[PDB]
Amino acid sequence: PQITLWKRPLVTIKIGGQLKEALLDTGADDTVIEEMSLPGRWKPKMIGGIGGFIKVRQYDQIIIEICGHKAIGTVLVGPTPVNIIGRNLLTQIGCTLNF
C-alpha cells in the first residue's frame, strides 16, 4: 500500500504470535524491538541514535510479520523508545520511498 507521512508510519507487526505496533523507519539501518522474549542465542551489538548509544541483543533469522508481509531476519532487542522496522526488513517487504 501507500503510506503518507502526515502522521507516524506505525503498523501492526506480529512477532512470536503477539501483535505489536512498530514504526516503519527509513532512518534506521536495523530493526529494534522493546524488551521481550525471543528464542535462540544472541550476540552483543551497540547501536547509535539521536541521543547516544545503547546496547542491544541481536537475534538472527527471526520470523516477523509486518503489515501482512512475512519477513525473516535480524531483530535487535533493547531499550528503544518505540518498536522500529529498519531497512534490513523494509527491503524484505519491498518498501521504497517515492516522490
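For every residue, the number given is its place in the sequence shown, counted from 1.
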Highest mean C-alpha temperature factor of the two stretches 63 to 71 and 26 to 34, which is it? 63 to 71
Looking at the C-alpha B-factor values in the deposited entry, which of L76, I84, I15, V11 comes out highest? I15
Looking at the temperature factor on the CA atom of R57, which third of the chain's modelled residues does it land in? lowest
Thinking about Cα B factors across the chain, which third does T4 belong to? lowest
